[PDB]
C-alpha cells in the first residue's frame, strides 16, 4: 500500500511560511512517488500551556492559507479542530480532519468530523491504552467516517515526560490505519515551565523504530528554522533534513516489510 507522510509547520505562522514549506513538500512528492504526502499545519494552538504563547491567526485566515497551499501545490491538506462547529468550515479545505490528543474522547468533536465525509485522524491521548482506541474508532464509524487513522504520539510516563510503547502499533492496527507522530513523541510536556520541551536527537532513531515495527505512515512537523518557531520549537525538524529522513524510512520499510505481521 502507499505510505503516508503527514508533514508541515506546527502552526500557520503566516501564509508565507506555509508556501515555503509546501514548495519543499511538493518537490519531495515528485521524487518520492510511492509516498502520499499530506500537508499539515494548525490554524490554532488551542491547548498551549501558557496564556502568553502563540495560538494563531484564526480559523478564517488559517483555512485561506491552507487552501492556498492545496491550490498552488496540489497537495492534500490536514489540520486539527478544537470544537464541533469548526468541523464544517475546515472540511472545505481539509482532506483529513485531525482530532487533538487531549480531545480524543470528546464524542461531539469526533461526530462533527465524521459527518463531513472527510478522513479522520485521531491523536491517541497520552492517557489512553492502545486497546482503549477501539472505542474511539467505533464512535467514528457510528458517525459516518469511512477512512480512519490513529496516531501514536507518546504516553504519560511520570511527570513532564512521554514514552513510546511501540506495542501500540500492531495493537491499534487491528481497527485502524496507524500513523506515528515522530515529533510530538519526543516532547517533554511542560518541560520548560511555561512551555513544553523536547529532545530532537531522538526523533530519527524512534522514527526508524516505528517503520521497522510497521505503520501506515508517519507524521513529522518541520520548519525552515525550528529555533524560531512560534510553537514546538524543540521538536520541529529542520526542513533541510526532511528529504533524508523520508528516504531512510522508505529504505527501512522496504527491508522490514516482508516481516510485518498480518493483523
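Positions refer to the first chain, counted from 1.
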(message) Mean CA temperature factor from the deposited coordinates, higher in 207 to 215 or in 226 to 234?
(response) 226 to 234
(request) Look over 16 to 24 and 248 to 256 in the entry and identify the one with the greater average Cα temperature factor. (result) 16 to 24
(message) Using the temperature factors of the C-alpha atoms in this entry, rank residue 7 within its chain: lowest, middle or highest third.
(response) middle
(request) Check where residue 165 lands among this chain's C-alpha B-factors and tell me if it's the lowest, middle or highest third. (result) lowest
(request) Check where residue 100 lands among this chain's C-alpha B-factors and tell me if it's the lowest, middle or highest third. (result) lowest
(message) Using only modelled residues of the chain, where does the Cα B factor of residue 191 rank: lowest third, middle third or highest third?
(response) highest
(request) Could you look up the Cα B-factor of residue 153 in the entry and say which third of the chain it sits in: lowest, middle or highest? (result) lowest
